[PDB]
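>>> give the three-dimensional model of this entry:
(one chain, ligands or ions: 2)
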Amino acid sequence: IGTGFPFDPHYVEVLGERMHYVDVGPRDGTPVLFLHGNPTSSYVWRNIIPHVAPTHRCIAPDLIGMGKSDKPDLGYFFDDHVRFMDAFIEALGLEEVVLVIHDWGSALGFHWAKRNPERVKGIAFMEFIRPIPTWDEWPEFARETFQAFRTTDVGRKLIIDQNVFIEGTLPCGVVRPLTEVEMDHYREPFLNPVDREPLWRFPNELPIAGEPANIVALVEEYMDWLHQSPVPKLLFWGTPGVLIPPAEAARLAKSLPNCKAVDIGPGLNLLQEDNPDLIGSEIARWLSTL
Ligand SMILES: CCCCCCOCCOCCOCCN[C@H](O)c1ccc(NNN)cc1
Ligand SMILES: [Cl-]
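Numbers count the residues shown, from 1 in each chain. Ligands and ions are numbered 1, 2, ... in the order given. Now the structure:
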């Protein structure tokens with residue numbers, strides 16, 4: 001599994017900040033837009049993009065405050081990322097897109113797709129943001145840690161000061177051991193603790209047990225839209241997973257229209273880091289059908 005990030009940096013101005021993105025493949029055709037989440041960056045797509053770049057344009061932005069993108073003075077709420085990603089999409093002049101989305105990026109993709117259904121030709125997703133109406137539906141092994149994360153004293157102490165989300169939560173979202181090179185690639189944007197605000201605000205935006213209300217409403221909305229959308233869907237899942245356990249993935253695969261489902265084997269949250277070969281191969285093959 002590759003550790004290197006061999007991509008020339010691209011930068012675009014958006015709402016006064018500079019956003020970094022990978023842009024490879026042919027200039028023409030329908031672009032494939034890769035959206036990462038917390039606590040990663042476009043580095044999480046480094047081994048999947050090369051299966052798609054031979055025949056399709058690949059665009060992979062770094063969310064604002066993450067990756068190589070600018071890090072302004074923000075609360076980094078979900079709405080901030082919504083604004084910035086909308087402006088990024090409109091600044092690259094994209095009309096029709098195929099979405100490949102993960103974690104909070106999925107929330108960004110889905111919420112974009114619901115508002116622009118005519119502009120989405122396909123969605124490939126995995127370990128995505130779904131409503132969790134009670135804490136019982138959250139994974140037991142992450143319950144205590146993510147409840148502690150959702151406070152302004154202990155949560156900020158763990159995530160902001162001690163970098164627990166990068167040094168602990170991130171490698172526990174991967175079955176196989178991450179190497180020190182990959183760990184350094186994930187550490188790079190957050191070496192300065194004051195730059196760790198998104199790492200803390202993201203788990204505090206998670207829609208668990210009705211809080212926060214706005215995110216619960218929004219995520220419920222795009223799930224309702226997805227359940228009746230004819231958009232072609234490609235769902236990846238792993239064992240035991242984090243945000244999507246196998247039983248939920250099977251339920252969704254049976255209920256979602258035009259949905260191909262793929263079990264990647266052992267996997268937690270960062271499915272890209274456990275089985276990139278299968279994910280990239282399946283995405284290339286599935287794109288061949290849009
Ligand atoms: C917004 C997107 C969602 C982000 C979710 C992040 O995912 C992590 C969630 O789990 C964290 C709580 O885990 C506690 C128990 N974990 C086991 O101790 C453990 C230990 C080591 C390994 N791997 N070693 N290579 C795997 C598991
Ligand atoms: Cl999170």
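
>>> in this structure residue 54 contacts residue 25, no?
Yes: the pair residue 54 / residue 25 is scored as a contact, 7.3 Å apart, by C-beta atoms under 8 Å. Quick note: C-beta positions are derived from backbone N, CA and C, even for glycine.

>>> more crowded one of these two?
residue 25 (19 against 11; other C-beta atoms under 10 Å).

>>> quick one, phi psi at that one?
phi 90, psi -180 (degrees, to the nearest 10).

>>> quick check: it touching residue 57?
Yes: using C-beta under 8 Å, residue 25 is in contact with residue 57, at 4.2 Å.

>>> overlap in contacts of the two?
Counting by C-beta atoms under 8 Å, 6 or more residues apart in numbering, the common neighbours of residue 25 and residue 57 are residue 32.

>>> and residue 100, what does it touch?
Applying C-beta under 8 Å, 6+ apart to residue 100 gives the contacts 32-35, 45, 48, 123-125, 283.

>>> ok, whichever residue of the stretch 51-200 of the chain sits closest to ligand 1 - how many residues close by?
At 3.0 Å from ligand 1, residue 173 is the closest residue in the stretch 51-200 of the chain, using C-beta to the nearest ligand atom. Residue 173: 24 surrounding residues under other C-beta under 10 Å.

>>> please apply the same query to the one 3 residues further on.
In terms of burial, residue 176 registers 14 neighbours under the definition other C-beta under 10 Å.

>>> name the element it belongs to?
Under the criterion DSSP states H and E, no helix or strand holds residue 176.

>>> for it, which non-adjacent residue is spatially closest?
residue 274 (5.8 Å; C-beta to C-beta, 6 or more residues apart in numbering).

>>> so that neighbour makes contact with residue 171?
No: using C-beta under 8 Å, residue 274 is not in contact with residue 171; the gap is 11.9 Å.

>>> residues in contact with the nearest residue to residue 228 once chain neighbours are set aside?
Residue nearest to residue 228 in three dimensions, not counting chain neighbours: residue 257, with 7.1 Å by C-beta to C-beta, 6+ apart. By C-beta under 8 Å, 6+ apart, the residues touching residue 257 are 227-231, 233.

>>> and residue 222, by the same measure?
Counting by C-beta under 8 Å, 6+ apart, residue 222 touches 107, 110-111, 113-114.

>>> 10 Å instead, please
The contact partners of residue 222, by C-beta atoms under 10 Å, 6 or more residues apart in numbering, come to 106-107, 109-115, 128-131, 229.

>>> that's a helix at it, yeah?
Yes: with DSSP: H, G, I helix; E, B strand; the rest coil as the criterion, residue 222 is part of a helix.

>>> quickly note the distance from it to ligand 2.
From residue 222 across to ligand 2, the span is 17 Å (C-beta to the ion, to the nearest Å).

>>> spell out the secondary structure type for residue 235.
On the basis of three-state DSSP, residue 235 is classed as strand.
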